[PDB]
S.K.: 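I'd like to ask you about the structure that follows.
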Amino acid sequence: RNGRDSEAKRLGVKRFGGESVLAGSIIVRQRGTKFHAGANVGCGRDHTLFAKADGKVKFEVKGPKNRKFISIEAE
Amino acid sequence: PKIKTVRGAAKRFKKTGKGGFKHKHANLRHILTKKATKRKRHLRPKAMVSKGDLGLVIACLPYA
Amino acid sequence: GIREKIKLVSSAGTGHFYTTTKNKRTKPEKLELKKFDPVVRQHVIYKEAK
Amino acid sequence: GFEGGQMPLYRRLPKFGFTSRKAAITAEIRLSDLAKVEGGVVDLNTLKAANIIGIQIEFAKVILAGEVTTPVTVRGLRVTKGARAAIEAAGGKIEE
RNA sequence: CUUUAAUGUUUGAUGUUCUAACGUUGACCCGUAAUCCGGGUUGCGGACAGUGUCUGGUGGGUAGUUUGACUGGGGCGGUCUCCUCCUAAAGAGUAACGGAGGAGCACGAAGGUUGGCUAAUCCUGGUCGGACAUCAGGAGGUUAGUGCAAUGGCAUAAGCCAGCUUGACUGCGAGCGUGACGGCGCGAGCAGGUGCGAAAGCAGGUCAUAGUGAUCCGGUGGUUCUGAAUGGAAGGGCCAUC
RNA sequence: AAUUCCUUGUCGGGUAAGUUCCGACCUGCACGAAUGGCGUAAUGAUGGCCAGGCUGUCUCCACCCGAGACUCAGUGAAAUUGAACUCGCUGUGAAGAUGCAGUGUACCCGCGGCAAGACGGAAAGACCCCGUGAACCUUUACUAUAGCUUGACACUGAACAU
RNA sequence: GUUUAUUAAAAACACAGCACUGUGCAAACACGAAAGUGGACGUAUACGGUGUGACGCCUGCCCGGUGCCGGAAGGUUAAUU
RNA sequence: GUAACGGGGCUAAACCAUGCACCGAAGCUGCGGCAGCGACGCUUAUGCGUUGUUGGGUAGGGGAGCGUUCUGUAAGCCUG
RNA sequence: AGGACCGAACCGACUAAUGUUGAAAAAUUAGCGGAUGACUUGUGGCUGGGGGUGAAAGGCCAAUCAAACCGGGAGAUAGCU
RNA sequence: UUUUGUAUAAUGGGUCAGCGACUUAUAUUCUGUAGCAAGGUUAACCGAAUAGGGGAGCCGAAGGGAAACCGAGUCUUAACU
RNA sequence: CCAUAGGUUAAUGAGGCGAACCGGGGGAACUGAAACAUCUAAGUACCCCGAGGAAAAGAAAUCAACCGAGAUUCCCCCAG
Ligand SMILES: [Mg+2]
Ligand SMILES: [Mg+2]
Ligand SMILES: [Mg+2]
Ligand SMILES: [Mg+2]
Ligand SMILES: [Mg+2]
Ligand SMILES: [Mg+2]
Ligand SMILES: [Mg+2]
Ligand SMILES: [Mg+2]
Ligand SMILES: [Mg+2]
Ligand SMILES: [Mg+2]
Ligand SMILES: [Mg+2]
Ligand SMILES: [Mg+2]
Ligand SMILES: [Mg+2]
Ligand SMILES: [Mg+2]
Ligand SMILES: [Mg+2]
Ligand SMILES: [Mg+2]
Ligand SMILES: [Mg+2]
Ligand SMILES: [Mg+2]
Ligand SMILES: [Mg+2]
Ligand SMILES: [Mg+2]
Ligand SMILES: [Mg+2]
Ligand SMILES: [Mg+2]
Ligand SMILES: [Mg+2]
Ligand SMILES: [Mg+2]
Ligand SMILES: [Mg+2]
Ligand SMILES: [Mg+2]
Ligand SMILES: [Mg+2]
Ligand SMILES: [Mg+2]
Ligand SMILES: [Mg+2]
Ligand SMILES: [Mg+2]
Ligand SMILES: [Mg+2]
Ligand SMILES: [Mg+2]
Ligand SMILES: [Mg+2]
Ligand SMILES: [Mg+2]
Ligand SMILES: [Mg+2]
Ligand SMILES: [Mg+2]
Ligand SMILES: [Mg+2]
Ligand SMILES: [Mg+2]
Ligand SMILES: [Mg+2]
Ligand SMILES: [Mg+2]
Ligand SMILES: [Mg+2]
Ligand SMILES: [Mg+2]
Ligand SMILES: [Mg+2]
Ligand SMILES: [Mg+2]
Ligand SMILES: [Mg+2]
Ligand SMILES: [Mg+2]
Ligand SMILES: [Mg+2]
Ligand SMILES: [Mg+2]
Ligand SMILES: [Mg+2]
Ligand SMILES: [Mg+2]
Ligand SMILES: [Mg+2]
Ligand SMILES: [Mg+2]
Ligand SMILES: [Mg+2]
Ligand SMILES: [Mg+2]
Ligand SMILES: [Mg+2]
Ligand SMILES: [Mg+2]
Ligand SMILES: [Mg+2]
């Protein structure tokens, strides 16, 4: 009664801090907004964060909830 | 004697200019209505055979 | 499952149709929606629900 | 093509297209070939005499491959734009 | 030309009768000093029977074969695809007949957009009122809610309400991701046309992650691409869908 | 019970002692009426049990007569066999050692005997599994099919009546 | 009486008897693409098949299933047209 | 069959600490030698006074060779 | 009279021992069964391989049988050793 | 030899000698090497026969497109940043 | 009754053997498809009839494509 499992989704961070990404580059695969989208980051339908601009991945904590945000700083 | 082309492969692939092979995509024959428009559109153009499979195709298509 | 496949048919005489699904036991009326027809290239009323 | 019993690629993928019987009786001609005929004229039939095109080719087309350095008359053939200009730039007389 | 009686008359069924086909493993004659054969005469049946071609049924009488894999041996049982958590050793991935639960959908609104709202639970008091309906305040602060498992998310709400609507658009797609491959997924932006909104803008389906099936063979509609002399057509291709 | 799992069922007989046997009981796991049921004289190289007689079957062997075995002469095989200067023990180790380790014992070579070991010889295990092996066999497995059967047409015609 | 020649002789096979069923003769049935041949130079007190298996007392209920026999208004139904 | 230090035997030849010496391998070094892969000055179809490093190996891949019979070279060369 | 009785030839083969590179690819020794019958035996003949024949054991069909032997397809195929 | 692993009490071999297993043909591709080179090369056949002739053909110098068709561009789309 | 079957004789010819090739009449399965039935193997093997030095085939009721070719057979291409 206990022999089933789902194929693993390969979620998580694909581009880490300071990593130079081109526009379109997926940054995080996630279930929900564990990370939220910041400057030049789009949040897709599956809530994956992707880059809208070429530049450098920047993780940051912001706001009154101390939520985790990702932005691209143009180098 | 002459190698016999695998006739079924001759009907699914065509040799490109730099020796590659173009093929029609799978999953667009039927059951089209549950599939997103976007998925169907990317399946409409011919893709190229990947590296792992060019050996199989070339083996099957010697006179290509 | 229960829900059945239908074709939404363009009133522009093009022959273009969309495809979708409908529950027939509930909402037994004809699904009429404005949709883009790519032969005349305008939004157009589509009509059918089987 | 046997992949261990997995549905192999040649059958996993769909068939496409048809074969046109016209393509087999249709040949491209390079500008380099227009000098290989005897007499300056380039008809479908004098191209066969020069072994440029097959004996069963009914339709012939001159394309912009190579160069023509000669006044050449092309008759009953088709000519690309780029090819039409290279012929005309050398004393060319294309005749439909 | 509407209608409607008849027969030479065409073929339909049934019934009766016939004989000339056909049969005869009845008698008799000859070939022939032959229980075969044939012919002959005769009787008996007789358009039957019987055989051929076609056809439905029956048909282990006979034939060719199939009758799965995983598996702390095999078999019985259970399992086989997909989703969630744990195992999983703080990137991903990671096995067992390891531990635990779900899916094989639903929705023309439960989708898009504009505008608006914010729970559970307990406390106090109050008509029928119970320990719990509805009302008011208070404390509470999401301990709720999410069309359905679990996880991660969710107040700028993704949760509740209403108005207008069809972006559940078509063609494309920088670039990424994930896969041995097949493939799957994310995607700004462009063109065209639309909806919402005063506007910025948002909208290429639904909070997301399951809700599925390659190719072949066909079917349907579209498309004068092809069309075996030629014009067509058939069929094929291409597009959409089954 | 040629059928009974439980089961050496219960009781009784027979024996000093009887899982068998006989008889009866019924609680027939799971008899039963021509795939016969119940009996049944006779018959049986049939199965089971009892007794008399008999005996080396046995207690428990002993002796004897002969054919071999042993010795001489003559003839003269065989299976097997990687090579062998081929010991015990304890341990180790593809996990049960003549061959490794340690130790102990042992002068070299025969002959007659015995069979504990050489996982001895013999047969590419016959059980068990596997192979998308095989063969026969079964059937309301699949697909066919001889045969049987149905009808249409042909061989096959004439009339009469409705 | 028979049997596994060469590990089984038996409770197995057979058996007389019994029954069921088929068979009207160019018999059923069987060997045979066929002709023919057996059955049988027999003819239902016969022949073939099946089962039981001397003899004795007997052989009970069940025809829903499967077959077999029969019946036939209706429905379904092939080639053909 | 001692058979629970491998044995002999050991009261250290045991154990703990504190040290200095030795033994100990196909490891390292030393001498001589072969080969592979590089990189180097003269100079060159390069090979070296040179230099550096490598060189266990199944499946398996790569490279270079030995020998055998026959054909040509060969009516030649060796050989009673 | 008798598929009657005892018992030799004859036909068979229940037990035991021997032998198991045997004297023998199934026998020998002692015993055992049938022994006027459904007996046994000689000569010749017929039946042929999915076929025969079978008082039925899948028994036998030239020391070979759940499909004989010989030749051929044929170097079947062998994801195995 | 086979294996995770064999002195293994796992397999094979009594010994010697002799024989005994990646071939051949045709296609195709890659490498090396040679020839010619935007051209290369001929097949059958003829025969002045390993010559020479034979260029029928094959490959290559252009691709894109399902195809018509277009062509250094083409396809896609009404049209492409 | 005619006749016909049937009878006797004469003359002519055949009969059987043989390697392959040839034409015709019948016709497998293993195998391959990684199972198997369509399909494959293959009109192969095999059986049978008949012929000849070769046999068969053969002088368009053929192709072609609006230009034309001009019986059959065999070879190389077309083309896997
Ligand atoms: Mg389609
Ligand atoms: Mg030519
Ligand atoms: Mg069968
Ligand atoms: Mg078969
Ligand atoms: Mg299995
Ligand atoms: Mg992880
Ligand atoms: Mg980790
Ligand atoms: Mg737009
Ligand atoms: Mg959801
Ligand atoms: Mg069409
Ligand atoms: Mg036509
Ligand atoms: Mg036409
Ligand atoms: Mg006693
Ligand atoms: Mg006793
Ligand atoms: Mg019974
Ligand atoms: Mg008795
Ligand atoms: Mg002697
Ligand atoms: Mg010997
Ligand atoms: Mg020792
Ligand atoms: Mg001795
Ligand atoms: Mg042994
Ligand atoms: Mg074995
Ligand atoms: Mg056999
Ligand atoms: Mg008897
Ligand atoms: Mg026996
Ligand atoms: Mg016996
Ligand atoms: Mg009986
Ligand atoms: Mg009885
Ligand atoms: Mg009936
Ligand atoms: Mg002791
Ligand atoms: Mg010390
Ligand atoms: Mg040393
Ligand atoms: Mg060293
Ligand atoms: Mg040195
Ligand atoms: Mg080495
Ligand atoms: Mg080393
Ligand atoms: Mg007697
Ligand atoms: Mg007697
Ligand atoms: Mg005698
Ligand atoms: Mg004797
Ligand atoms: Mg005797
Ligand atoms: Mg007697
Ligand atoms: Mg049996
Ligand atoms: Mg025999
Ligand atoms: Mg032969
Ligand atoms: Mg073989
Ligand atoms: Mg063969
Ligand atoms: Mg092993
Ligand atoms: Mg092992
Ligand atoms: Mg070892
Ligand atoms: Mg040994
Ligand atoms: Mg062994
Ligand atoms: Mg050994
Ligand atoms: Mg051996
Ligand atoms: Mg077959
Ligand atoms: Mg097969
Ligand atoms: Mg076939």
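Just so we're on the same page: letters track the sequence lines, and every chain starts at 1.
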S.K.: With B:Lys14 as the cation and B:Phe21 as the aromatic partner, state whether NZ or CZ is under 6.0 Å from the six-membered ring centre and within 45° of the axis.
M.R.: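 Geometry flag: not set, cation outside 6.0 Å or 45°.
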
S.K.: From A:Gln30 CD over to A:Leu11 CG, what is the distance, rounded to the nearest 0.5 angstrom?
M.R.: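 Spacing of CD (A:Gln30) from CG (A:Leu11) equals 9.0 Å.
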
S.K.: Does a sphere of radius 6.0 Å around NZ in B:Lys40 hold more than 12 heavy atoms from other residues, nucleotides or ligands, not counting ones at 6.0 Å or beyond?
M.R.: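 Counting neighbours around NZ of B:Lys40, more than 12 heavy atoms of other residues, nucleotides or ligands fall under 6.0 Å, so yes.
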
S.K.: Any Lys/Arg nitrogen of A:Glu75 or A:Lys56 sitting under 4.0 Å from an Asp/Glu carboxylate oxygen of the other?
M.R.: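 Judged by the 4.0 Å cut-off on N to carboxylate O distance, A:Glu75 and A:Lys56 do form a salt bridge.
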
S.K.: Compute whether any side-chain donor of one residue and acceptor of the other, for A:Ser71 and A:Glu60, lie under 3.5 angstrom apart.
M.R.: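 Yes, side-chain donor-acceptor contact under 3.5 Å.
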
S.K.: Salt bridge between A:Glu7 and A:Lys9, side-chain N to carboxylate O under 4.0 Å?
M.R.: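 Salt bridge absent between A:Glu7 and A:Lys9.
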
S.K.: Check whether D:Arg84 reaches the backbone of D:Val79 with its side chain - one donor and one acceptor, N or O, closer than 3.5 Å.
M.R.: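 Looks like no, no N/O pair under 3.5 Å.
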
S.K.: Between the main-chain N or O of B:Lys11 and the side-chain N or O of D:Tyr10, is there a donor-acceptor pair closer than 3.5 Å?
M.R.: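 No, the answer is negative, given that no donor and acceptor are paired below the 3.5 Å cut-off.
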
S.K.: Quick check, are the ring centers of A:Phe35 and A:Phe59 under 6.0 angstrom apart?
M.R.: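 That pair passes the under 6.0 Å test.
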
S.K.: Less than 6.0 angstrom from the centroid, inside 45 degrees of the normal: does B:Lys46 satisfy that with respect to the ring of D:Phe16?
M.R.: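 Judged by the rule (NZ or CZ under 6.0 Å from the ring centre, within 45° of its axis), B:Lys46 counts as positioned above D:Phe16.
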
S.K.: Check this for me, if you would: do D:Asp33 and D:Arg30 make a salt bridge, where the nitrogen-to-carboxylate-oxygen distance has to be below 4.0 angstrom?
M.R.: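 Here D:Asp33 does not pair with D:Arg30 in a salt bridge, since their nearest N and O are not under 4.0 Å apart.
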
S.K.: Main chain of A:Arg1, side chain of A:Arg4: is a donor-acceptor contact present, judged purely on distance under 3.5 Å?
M.R.: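 Judged by distance alone, yes, a pair lies under 3.5 Å.
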
S.K.: Does C:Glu4 CD have over 12 foreign heavy atoms under 6.0 Å away?
M.R.: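 For C:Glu4, atom CD is not crowded (no more than 12 foreign heavy atoms under 6.0 Å).
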
S.K.: Are the side chain of C:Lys22 and the backbone N or O of C:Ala49 linked by a donor-acceptor pair below 3.5 Å?
M.R.: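 Side chain of C:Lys22 to backbone of C:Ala49, a donor-acceptor pair under 3.5 Å: yes, one is there.
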
S.K.: Other residues, nucleotides and ligands only: do more than 12 of their heavy atoms fall within 6.0 Å of CD on D:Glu67?
M.R.: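 At most 12 heavy atoms, drawn from other residues, nucleotides or ligands, come within 6.0 Å of this atom.
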
S.K.: Would you please test D:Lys93 and D:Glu95 for salt bridge (charged side-chain N to carboxylate O under 4.0 Å, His left out) and show each step?
M.R.: CA-CA 6 Å; D:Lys93 184 176 183 287; D:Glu95 301 298 313; 3.4 Å; yes

S.K.: Closer than 3.5 angstrom, by distance alone: can the side chain of B:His42 be matched with the main-chain N or O of B:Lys38 as a donor-acceptor pair?
M.R.: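 Checked: pair present.
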
S.K.: Flag the pair C:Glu48 and C:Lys50 as a salt bridge only when some basic side-chain nitrogen lies within less than 4.0 angstrom of an acidic carboxylate oxygen.
M.R.: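 The answer is yes: the pair qualifies as a salt bridge.
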
S.K.: Between C:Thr14 and C:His16, is there a donor-acceptor pair closer than 3.5 Å when you use the side chain of the first and the backbone of the second?
M.R.: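 It does hold such a pair.
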
S.K.: Could you go through residues 51-64 of chain B and list every donor-acceptor pair under 3.5 Å that involves a side-chain atom there, pairing it with any protein atom two or more places apart or in another chain?
M.R.:
residue, atom, partner, partner atom, Å
B:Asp53, OD2, B:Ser50, OG, 3.2

S.K.: Answer yes or no: are there more than 12 heavy-atom neighbours, outside A:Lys58 itself, under 6.0 Å from its atom NZ?
M.R.: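 Enclosed: over 12 neighbouring heavy atoms sit under 6.0 Å from NZ of A:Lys58.
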
S.K.: Given 3.5 Å as the limit, does a donor-acceptor pair link the side chain of D:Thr80 with the main chain of D:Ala83, or not?
M.R.: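 Confirmed, D:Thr80 side chain pairs with D:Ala83 backbone.
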
